[PDB]
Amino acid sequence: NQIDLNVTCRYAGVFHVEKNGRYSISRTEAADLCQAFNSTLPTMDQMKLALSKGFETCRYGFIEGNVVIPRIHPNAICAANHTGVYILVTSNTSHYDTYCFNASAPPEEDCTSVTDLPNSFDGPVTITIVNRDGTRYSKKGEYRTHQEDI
């Protein structure tokens, strides 16, 4: 009973979370996950500011209202060579990664590790935060509030 949460640097408070290294988060689980990080789904405006500070990924993830990929450099295998906040238009499927926004983060790039999940609740799951540099923080708990996600 274990969940890995792979987390990125924050840019103007915005970061990317991948559950178990594969697209596997529903829209409801995404909201609950950000809440566990004392964060919210970013607005489009928040994501555009993050992009302007250096944020890019090669992964679809939820923001408030849409599924997006922030792109700085054009890459053929990431968002079909687009730059800017690329918006997913057509998909059959419902599960992606998520973005989250923490207002208390530094205003620009913060590439320090994440070492807590401050708003997780009591539960039986071993939840491990995995940073890109390999640094890990684990705790026993839960964050999912919708039965359909568990």
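Note that the rigid core is defined as the largest set of C-alphas that superpose within 1.5 Å between two forms. Residue numbers here begin at 1 and follow the sequence given.
Using the rigid core as the fitting frame, the root mean square C-alpha deviation in 8 other deposited structures of this protein is greater for 89 to 97 than for the other of 55 to 63 and 89 to 97.
Just going by the entry, 107 to 115 versus 52 to 60 on mean CA temperature factor gives the higher value to 107 to 115. In this entry, 119 to 127 shows the higher mean Cα temperature factor of the pair 119 to 127 and 84 to 92. Residues shown: 132, 10, 136, 22. Highest C-alpha temperature factor in the entry: 22. Ranked by Cα temperature factor within the chain, residue 35 sits in the middle third according to the deposited record. In this PDB entry, residue 26 carries a Cα temperature factor that places it within the middle third of its chain's modelled residues.
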